[PDB]
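Here the structure is laid out as structure tokens; the discussion comes afterwards.
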Amino acid sequence: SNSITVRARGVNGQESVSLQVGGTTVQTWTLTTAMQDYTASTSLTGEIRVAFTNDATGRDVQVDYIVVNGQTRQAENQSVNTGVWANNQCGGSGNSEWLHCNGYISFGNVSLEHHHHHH
Ligand SMILES: [Ca+2]
């Protein structure tokens, strides 16, 4: 299986995040106010999303990174962010650690490629 560690925190500790792979929710966690590692494994290899799902007054999520099969993918390096509040809207910008609105940061497919190397 593929190992995925999500490192994230909630602003008030009520926040729920789901790890989704190829559209399938493989695990859900309630966050604490401290950056913490959360780990799951899956045979699925689709697009990895870290999704904030229970936005309410006072709730926001900050994602540091994920680790996929030993490889760190920084949240701020991800061009897809559908939750950050920027330019007066949800998902206003890529390359953010933040999910303010319900939405997700996409970290790409489990298996990536470069010059015929698969990682
Ligand atoms: Ca490989």
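Letters A, B, ... go to the chains of the structure tokens in the order shown; residues in each chain start at 1; ligands are counted from 1 in the same order.
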(message) When you look at residue A:52 with a cut-off of 8 Å (counting only C-alpha atoms), what residues show up, excluding the ones that are within fewer than 3 positions of it in the same chain? I need them as a ChimeraX atom specification.
(response) /A:15-18,55,61,83,99,101-104
(request) Going by DSSP on the backbone, which bits of chain A are strand (DSSP E or B)? Write them as a PyMOL selection string, please. (result) chain A and resi 2-10+16-21+24-30+36-42+47-52+61-68+71-74+80-81+85-86+89-90+98-99+103-109+113-114+117-118
Show me a table, sorted first by chain and then by increasing residue number, of the residues of chain A having an atom at most 9 Å from ligand 1, each with its shortest atom pair and the distance in Å to one decimal, counting only C-alpha atoms and all ligand atoms and written as CSV.
```
residue,atom,partner,partner_atom_place_in_ligand_line,distance
A:111,CA,ligand 1,1 (Ca),7.7
A:112,CA,ligand 1,1 (Ca),8.4
A:113,CA,ligand 1,1 (Ca),8.4
A:117,CA,ligand 1,1 (Ca),6.3
A:118,CA,ligand 1,1 (Ca),4.0
A:119,CA,ligand 1,1 (Ca),4.2
```
(message) Excluding stretch 27-32 of chain A and its own-chain neighbours fewer than 4 positions away, which residues fall within 9 Å of it when counting only C-alpha atoms? Please give them as a list in words.
(response)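 Here the answer would be residues 8, 9, 10, 11, 12, 13, 14, 15, 16, 17, 18, 19, 20, 36, 38, 39, 40, 41 and 61 of chain A.
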Could the residues in this selection be written to a file with N, CA, C and O atoms, as a compact mmCIF listing (two decimals), in the first residue's frame?
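As written to disk, result34.txt reads:
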```txt
# COMPACT_ATOMS: atom_id res chain seq x y z
N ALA A 8 -1.13 18.81 9.67
CA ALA A 8 -2.10 19.88 9.63
C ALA A 8 -2.56 20.24 11.03
O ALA A 8 -2.33 19.52 12.01
N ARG A 9 -3.20 21.40 11.09
CA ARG A 9 -3.77 21.93 12.32
C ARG A 9 -5.04 22.71 12.04
O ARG A 9 -5.26 23.22 10.93
N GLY A 10 -5.86 22.77 13.07
CA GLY A 10 -7.04 23.59 13.04
C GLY A 10 -6.84 24.80 13.91
O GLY A 10 -6.06 24.79 14.83
N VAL A 11 -7.52 25.88 13.57
CA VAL A 11 -7.46 27.10 14.34
C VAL A 11 -8.21 26.98 15.67
O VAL A 11 -7.76 27.52 16.70
N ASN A 12 -9.34 26.28 15.70
CA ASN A 12 -10.01 26.15 17.01
C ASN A 12 -10.21 24.71 17.53
O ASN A 12 -10.70 24.53 18.64
N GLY A 13 -9.77 23.72 16.75
CA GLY A 13 -9.79 22.33 17.18
C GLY A 13 -11.08 21.57 16.91
O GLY A 13 -11.22 20.42 17.33
N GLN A 14 -12.02 22.23 16.23
CA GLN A 14 -13.28 21.62 15.82
C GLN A 14 -13.20 21.13 14.36
O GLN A 14 -14.10 20.44 13.89
N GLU A 15 -12.12 21.46 13.67
CA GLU A 15 -12.02 21.23 12.24
C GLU A 15 -11.87 19.76 11.89
O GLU A 15 -11.13 19.03 12.54
N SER A 16 -12.57 19.35 10.84
CA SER A 16 -12.47 18.01 10.32
C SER A 16 -11.84 18.05 8.93
O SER A 16 -12.27 18.85 8.08
N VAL A 17 -10.84 17.19 8.71
CA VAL A 17 -10.27 17.02 7.38
C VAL A 17 -10.39 15.59 6.93
O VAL A 17 -10.33 14.67 7.75
N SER A 18 -10.58 15.42 5.63
CA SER A 18 -10.59 14.13 4.99
C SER A 18 -9.45 14.02 3.98
O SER A 18 -9.20 14.92 3.17
N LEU A 19 -8.79 12.87 4.05
CA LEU A 19 -7.82 12.45 3.03
C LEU A 19 -8.59 11.70 1.97
O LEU A 19 -9.24 10.66 2.24
N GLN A 20 -8.55 12.25 0.76
CA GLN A 20 -9.24 11.68 -0.37
C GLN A 20 -8.21 11.29 -1.45
O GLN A 20 -7.27 12.05 -1.76
N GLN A 36 0.23 18.55 13.69
CA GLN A 36 0.32 17.16 14.03
C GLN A 36 0.30 16.31 12.77
O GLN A 36 -0.37 16.65 11.78
N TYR A 38 -0.81 12.94 10.89
CA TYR A 38 -1.89 11.98 10.76
C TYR A 38 -1.56 11.05 9.60
O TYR A 38 -1.30 11.52 8.49
N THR A 39 -1.58 9.73 9.83
CA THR A 39 -1.14 8.80 8.79
C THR A 39 -2.21 7.79 8.42
O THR A 39 -2.98 7.32 9.26
N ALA A 40 -2.26 7.48 7.12
CA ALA A 40 -3.15 6.49 6.56
C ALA A 40 -2.40 5.75 5.45
O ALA A 40 -1.38 6.22 4.98
N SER A 41 -2.91 4.58 5.08
CA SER A 41 -2.41 3.83 3.95
C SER A 41 -3.55 3.41 3.05
O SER A 41 -4.67 3.19 3.51
N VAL A 61 -8.33 25.70 8.60
CA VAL A 61 -7.31 24.65 8.56
C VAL A 61 -6.03 25.16 7.92
O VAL A 61 -6.06 25.86 6.91
```
(request) Within 7 Å of stretch 70-78 of chain A, counting only C-alpha atoms, which residues show up once you throw out same-chain ones fewer than 3 positions away? Write them as a list in words, please. (result) residues 63, 64, 65, 66, 67, 94, 95, 96, 97, 106 and 107 of chain A
With N, CA and C atoms kept, could you save the residues just selected as a PDB file, in the first residue's frame?
```
ATOM      1  N   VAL A  63      -2.509  23.469   6.541  1.00  0.00           N
ATOM      2  CA  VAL A  63      -1.798  22.233   6.179  1.00  0.00           C
ATOM      3  C   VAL A  63      -0.348  22.566   5.873  1.00  0.00           C
ATOM      4  N   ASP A  64       0.560  21.878   6.564  1.00  0.00           N
ATOM      5  CA  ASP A  64       1.979  22.076   6.343  1.00  0.00           C
ATOM      6  C   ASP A  64       2.420  21.357   5.061  1.00  0.00           C
ATOM      7  N   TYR A  65       2.122  20.066   5.023  1.00  0.00           N
ATOM      8  CA  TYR A  65       2.574  19.199   3.969  1.00  0.00           C
ATOM      9  C   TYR A  65       1.926  17.837   4.089  1.00  0.00           C
ATOM     10  N   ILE A  66       2.104  17.034   3.052  1.00  0.00           N
ATOM     11  CA  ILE A  66       1.890  15.601   3.168  1.00  0.00           C
ATOM     12  C   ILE A  66       3.179  14.872   2.805  1.00  0.00           C
ATOM     13  N   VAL A  67       3.262  13.620   3.239  1.00  0.00           N
ATOM     14  CA  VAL A  67       4.383  12.752   2.901  1.00  0.00           C
ATOM     15  C   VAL A  67       3.755  11.528   2.243  1.00  0.00           C
ATOM     16  N   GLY A  94      -3.652  29.705  -5.599  1.00  0.00           N
ATOM     17  CA  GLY A  94      -2.889  28.496  -5.345  1.00  0.00           C
ATOM     18  C   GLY A  94      -1.761  28.809  -4.380  1.00  0.00           C
ATOM     19  N   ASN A  95      -0.990  27.791  -4.039  1.00  0.00           N
ATOM     20  CA  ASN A  95       0.234  27.959  -3.252  1.00  0.00           C
ATOM     21  C   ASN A  95      -0.018  28.568  -1.871  1.00  0.00           C
ATOM     22  N   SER A  96      -0.987  27.984  -1.179  1.00  0.00           N
ATOM     23  CA  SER A  96      -1.290  28.355   0.190  1.00  0.00           C
ATOM     24  C   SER A  96      -1.450  27.131   1.069  1.00  0.00           C
ATOM     25  N   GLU A  97      -1.013  27.274   2.317  1.00  0.00           N
ATOM     26  CA  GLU A  97      -1.215  26.280   3.368  1.00  0.00           C
ATOM     27  C   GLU A  97      -2.659  26.288   3.893  1.00  0.00           C
ATOM     28  N   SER A 106      -4.951  20.066  -3.366  1.00  0.00           N
ATOM     29  CA  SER A 106      -4.560  18.881  -4.126  1.00  0.00           C
ATOM     30  C   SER A 106      -3.054  18.748  -4.159  1.00  0.00           C
ATOM     31  N   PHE A 107      -2.588  17.541  -3.860  1.00  0.00           N
ATOM     32  CA  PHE A 107      -1.160  17.239  -3.819  1.00  0.00           C
ATOM     33  C   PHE A 107      -0.706  16.374  -4.983  1.00  0.00           C
TER      34      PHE A 107
END
```
(message) I'd like the contact shell of residue A:91 - 6 Å cut-off, only C-alpha atoms, skipping same-chain residues fewer than 6 positions apart - returned as a PyMOL selection string.
(response) chain A and resi 81-84
(message) Just the number, please: distance in Å from atom CA of residue A:51 to atom CA of residue A:90, one decimal.
(response)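 About the pair atom CA of residue A:51 and atom CA of residue A:90: they are 13.3 Å apart.
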